[PDB]
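Each residue takes its place number in the sequence, starting with 1. In each ligand, atom 1 is the first atom listed, and ligand 1 is the first ligand listed.
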Amino acid sequence: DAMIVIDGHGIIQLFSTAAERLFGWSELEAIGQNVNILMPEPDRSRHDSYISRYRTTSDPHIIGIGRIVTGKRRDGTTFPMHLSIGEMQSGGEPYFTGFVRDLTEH
Ligand code: HEM
Ligand SMILES: [Cl-]
Ligand code: NA
Ligand code: NA
């Protein structure tokens with residue numbers, strides 16, 4: 001339902017309408033920010049590493065695999081969500097697409 005697209009450095013490039021309702025940020029506020037603003041520690045402080053790691057090893061842990069994780073809303077509250085992630089190229093640069101499913105109220 002909710003879709004988020006980030007660039008190779010973790011910066012949000014697209015934030016769908018459902019994502020706004022789910023995380024509390026507006027599309028304009030979300031775009032330009034690191035995707036780690038949507039998660040609690042320790043993932044938050046480590047997410048950039050996860051991405052760099054994947055980019056240098058090309059060994060997926062979540063891409064094409066999926067996982068249930070905890071996200072964080074604008075107000076600071078945490079919730080369960082399923083995440084599916086894909087990768088694609090545009091203009092020779094990588095972009096990651098994420099499908100987010102809220103398990104708090106599906
Ligand atoms: C908001 C909650 C999110 C959490 C808690 C989270 C958590 C994580 C975790 C735990 C890993 C590494 C897993 C491991 O090493 O075992 C990871 C990897 C990754 N995440 Fe996230 N993530 C979140 C959102 C996103 C979104 C929205 C995208 C993309 C639009 C994204 C893209 C990636 C990428 C590219 C990787 C590396 C790919 C891989 O290792 O398969 N993440 N994330
Ligand atoms: Cl999946
Ligand atoms: Na912005
Ligand atoms: Na899975």
Side-chain angles (χ1 to χ4, degrees), residues 1-103:
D1 302 306
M3 165 157 240
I4 298 172
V5 173
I6 61 173
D7 64 30
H9 305 304
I11 302 176
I12 298 168
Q13 303 300 154
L14 271 95
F15 203 73
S16 83
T17 306
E20 295 176 303
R21 302 168 178 169
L22 202 57
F23 297 91
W25 306 88
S26 76
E27 187 195 70
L28 275 50
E29 297 171 295
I31 288 175
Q33 291 194 270
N34 190 297
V35 71
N36 63 26
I37 65 167
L38 306 176
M39 54 191 87
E41 296 289 353
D43 284 330
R44 171 189 292 272
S45 299
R46 297 176 178 174
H47 206 265
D48 285 313
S49 301
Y50 303 155
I51 296 170
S52 302
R53 166 200 151 298
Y54 174 76
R55 298 188 63 183
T56 62
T57 69
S58 293
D59 187 52
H61 280 179
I62 307 295
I63 291 180
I65 306 300
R67 187 178 302 180
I68 290 175
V69 295
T70 310
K72 172 186 286 295
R73 304 185 203 283
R74 183 170 202 163
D75 60 45
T77 59
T78 58
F79 66 103
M81 52 174 267
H82 178 273
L83 204 50
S84 292
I85 299 70
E87 175 182 34
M88 68 171 278
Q89 307 282 302
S90 187
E93 289 173 303
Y95 287 81
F96 299 97
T97 51
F99 287 175
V100 173
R101 279 190 36 51
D102 169 45
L103 304 179

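Of the protein's non-hydrogen atoms, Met81 CE, 3.9 Å is the one closest to atom 2 (C) of ligand 1. In this structure, the protein non-hydrogen atom closest to atom 22 (N) of ligand 1 is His47 NE2, 2.9 Å. Closest to atom 1 (C) of ligand 1 among all protein heavy atoms lies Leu38 O, 3.4 Å. If you check which protein heavy atom lies closest to atom 15 (O) of ligand 1, you get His61 ND1, 2.6 Å.
Aromatic ring pairs are classed by plane angle as parallel below 30°, tilted from 30° to 60° and perpendicular above 60°; the pair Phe96 and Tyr54 is perpendicular.
Residue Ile4 places no N or O, backbone or side chain, under 3.5 Å from any N or O of ligand 1. Where the criterion is an N or O separation shorter than 3.5 Å, residue side chain and backbone included, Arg67 meets it with respect to ligand 1.
Here the closest heavy-atom approach between residue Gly71 and residue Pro40 is recorded as C-CD, 4.1 Å.
With a heavy-atom cut-off of 4.0 Å, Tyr54 touches ligand 1 through its side chain alone.
Residue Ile6 holds the heavy atom nearest to atom 29 (C) of ligand 1 of all those in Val5, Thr78, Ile51, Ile6.
With sequence neighbours left out, the salt bridge (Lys or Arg N to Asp or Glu O under 4.0 Å) criterion links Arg21 to no other residue.
Numbered from 1 in the order shown, with element, the atoms of ligand 1 that lie under 4.0 Å from a heavy atom of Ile62 read 13 (C), 39 (C), 40 (O), 41 (O).
At least one heavy atom of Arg53 sits closer than 4.0 Å to an atom of ligand 1.
Protein contacts to the Na ion (ligand 4) involving N, O or S atoms at a distance below 3.0 Å are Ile65 O, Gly66 O.
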